K.L.:
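Please see the structure below; I have some questions.
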Amino acid sequence: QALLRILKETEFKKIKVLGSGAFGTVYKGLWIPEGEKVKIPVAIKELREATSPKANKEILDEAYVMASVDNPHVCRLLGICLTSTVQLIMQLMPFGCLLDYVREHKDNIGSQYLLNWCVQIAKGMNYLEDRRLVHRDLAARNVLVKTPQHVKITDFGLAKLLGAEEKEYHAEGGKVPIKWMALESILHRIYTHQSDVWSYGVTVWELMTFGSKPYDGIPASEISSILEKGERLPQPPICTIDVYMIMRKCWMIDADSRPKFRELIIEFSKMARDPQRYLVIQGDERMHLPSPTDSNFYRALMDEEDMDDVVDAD
Amino acid sequence: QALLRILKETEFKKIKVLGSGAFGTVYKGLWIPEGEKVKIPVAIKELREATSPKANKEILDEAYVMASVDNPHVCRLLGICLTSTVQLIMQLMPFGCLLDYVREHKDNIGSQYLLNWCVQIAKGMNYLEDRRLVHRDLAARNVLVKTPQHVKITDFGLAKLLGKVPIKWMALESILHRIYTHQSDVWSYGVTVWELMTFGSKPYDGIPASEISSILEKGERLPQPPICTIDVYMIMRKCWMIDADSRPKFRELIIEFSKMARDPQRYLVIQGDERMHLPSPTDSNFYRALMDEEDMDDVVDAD
Ligand SMILES: *CCC(=O)Nc1ccc(OC)c(Nc2cc(-c3[nH]c(CCCO)nc3-c3ccc(F)cc3)ccn2)c1
Ligand SMILES: *CCC(=O)Nc1ccc(OC)c(Nc2cc(-c3[nH]c(CCCO)nc3-c3ccc(F)cc3)ccn2)c1
Ligand SMILES: [Cl-]
Ligand SMILES: [Cl-]
């Protein structure tokens, strides 16, 4: 399986730490091809230890699946280093993750960017469902910005790889994303494509609120209770009722009543052709998608892979 | 049209000098998109102050042409900054130019890399000929290494834009009459191949440029490289025929070097060649996904 490069400790080095999450620590790194004089920037995540003593062969098998994804909106695992720690290597995304991007660019994001991001996340998740892969940790922090016009899903399958100890599902601010999880996942560890759809709804809510924390101030131990009582995330100020109803449909108790990712692609694509009808943002008229000139420059410089055209307004 | 972005001085910064040529100084630069927090590496060439400056409308017209090339083996001009100086911006090639690459790798380059580089250069030049574009300064220094498996021609059209003269790469008719054609580009292709097969030797070492037209008229040519079978050397000699129309075509050079690339050790005799193969599919997939995602024809591999 030539899609996963087995790297030795000697051919790459971790430099600047970029962040930390439930799954490990992310570094900006340099790959030094053997026999060459160049240093190639990469992203390295040094994983925390799985909650099970699984063979390196099982770790490699699951890494091969992560290296097999071929879709413009899913990040492909490129390499792995199995020494004392498991280190994953992929292409460096210099714009960061979408959660931090929307927080940092709050007052300058228009409806066309927001709706296209929802389309692209749904396209990537639809591909994962087609591959019979459940993400288990879809969130705005796990959507990466290759360019502001091109986002890609990362960290799929890591939850099942590393697992989580049972106490973390009852702790505060722990490793378990309780506030993104479907009720059936909280209560019974049930993870399906339809529970991914629930997390997609929370992810869209993150984007439409420009990075607000869902259920902020509500203890994680009481999330399952308030969900059972019918409480849900509030309507973001910029969202029309059409957009808010889609999010609410993603959080229905009956998993089979939730939308499908293929349906979400179509609906958000429709709204992207009339963006100001579905999101109300002030000064939206000067927050257009890039001109063809800037798009050509963007692509040739740092994003040469094939991708569907962004959905523009009619 | 929309293929050439006009940049402001404030949105990019030169950080490192990478090299210099007859036309100007090359910098590693950082592009800083307005409103963003990222710094994107780019290559910047600041052109030197010409003695017969061109009009700004003329400069932009040629920059649009340079920005219109769409081929995996020709570098596309991406941006320009037109102030007191002309600055050209394109994607940064971190492996450098092919001339310095083959010199630094003098002792580890295998026959399969050398022959494929000849294939790829011929593919890029054939595209330029398809576009009715004459390069005028093809040389190993003007071939850039995006990956060791993927080289691209740069600096086409700069010679005409700026009106220092690479006599030892030029066809005789270009030396005598300043005639530049696709067939004179073929002559420079022959010298470029000689550079690669000698691992970056200087052509006509010890002969002053003022004497080159004289020795060419006497029938003297660059010698057979030690690693080249006569099959490869005969192609080079055909590129240096006095009659431009008897020289090979770039389309023909693609086919011949591709043919040799399928049995590389038959056509280049290199010491230790039984070690330096092309990357495995694993290593090639890793290279492309990391830094070379553009569409390209696959390498010609030995069968
Ligand atoms: C908000 C989370 C984040 O990743 N921020 C961020 C700041 C600066 C960056 O470069 C200047 C990047 N680039 C990047 C990140 C990742 C990545 N992000 C995560 C989530 C962390 C917390 O949610 N995980 C990864 C990752 C890294 C390496 C792998 F092999 C697999 C997954 C990937 C690529 N580029 C991001
Ligand atoms: C052989 C000369 C050379 O360019 N060496 C080299 C050393 C280090 C590098 O990056 C670490 C690069 N990258 C690169 C170079 C160029 C480029 N090279 C030339 C010719 C120099 C002598 O002929 N001209 C350019 C150039 C730059 C910007 C433009 F708009 C047009 C042409 C381009 C991209 N990356 C090279
Ligand atoms: Cl993480
Ligand atoms: Cl130059």
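Every chain is numbered from 1 and lettered A, B, ... according to where its sequence line falls, protein lines coming before strand lines. Note that ligands are numbered from 1 as they come in the structure, with each ligand's atoms numbered from 1 the same way. We use all heavy atoms of the structure for the numbers below, so side chains are in, but hydrogens, waters and symmetry mates are not.
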K.L.:
Which heavy atom of the protein is the closest neighbour of atom 32 (C) of ligand 2, given with residue, atom name and distance?
P.N.:
B/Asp155 OD1, 3.2 Å

K.L.:
Pick whichever of B/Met66, B/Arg141, B/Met93 has a heavy atom sitting closest to atom 13 (N) of ligand 2.
P.N.:
B/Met93

K.L.:
Do you see a donor-acceptor pair shorter than 3.5 Å between the side chains of A/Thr51 and A/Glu165?
P.N.:
no

K.L.:
Say whether B/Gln87 and ligand 2 are in contact under the criterion: heavy-atom distance to a ligand atom below 4.0 Å.
P.N.:
no

K.L.:
Which protein heavy atom lies closest to atom 4 (O) of ligand 2, and at what distance to 0.1 Å?
P.N.:
B/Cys97 CB, 3.9 Å

K.L.:
What protein heavy atom is closest to atom 6 (C) of ligand 2, reported as residue, atom name and distance in Å?
P.N.:
B/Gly96 CA, 3.6 Å

K.L.:
Any idea which part of B/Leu98 is under 4.0 Å from ligand 2, heavy-atom wise: side chain, backbone, both or neither?
P.N.:
neither

K.L.:
Whether A/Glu305 and A/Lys146 form a salt bridge (side-chain N of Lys/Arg under 4.0 Å from carboxylate O of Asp/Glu) is what I want to check.
P.N.:
yes

K.L.:
Identify the two heavy atoms, one from B/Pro94 and one from A/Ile40, that lie closest to each other, and give their separation to 0.1 Å.
P.N.:
CG-CD1, 4.2 Å

K.L.:
Do the rings of A/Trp117 and A/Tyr101 sit parallel, tilted or perpendicular, given the 30° and 60° boundaries?
P.N.:
perpendicular

K.L.:
Pairing donors with acceptors under 3.5 angstrom, does anything connect the side chains of B/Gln87 and B/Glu9?
P.N.:
no

K.L.:
Is the closest heavy-atom distance from B/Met90 to ligand 2 below 4.0 Å?
P.N.:
yes

K.L.:
Consider ligand 2: state whether an atom of it lies below 4.0 angstrom from any non-hydrogen atom of B/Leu99.
P.N.:
no

K.L.:
What do you reckon, does B/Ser20 have a nitrogen or oxygen under 3.5 Å from a nitrogen or oxygen of ligand 2?
P.N.:
no

K.L.:
Which bit of B/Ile89 is near ligand 2, meaning a heavy atom under 4.0 Å away: side chain, backbone, both or neither?
P.N.:
backbone

K.L.:
Under a 4.0 Å N-O cut-off, is there an ion pair linking B/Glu62 with B/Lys160?
P.N.:
yes

K.L.:
Using a 3.5 Å distance criterion without hydrogens, assess whether the side chain of A/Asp196 forms a donor-acceptor pair with backbone atoms of A/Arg136.
P.N.:
yes

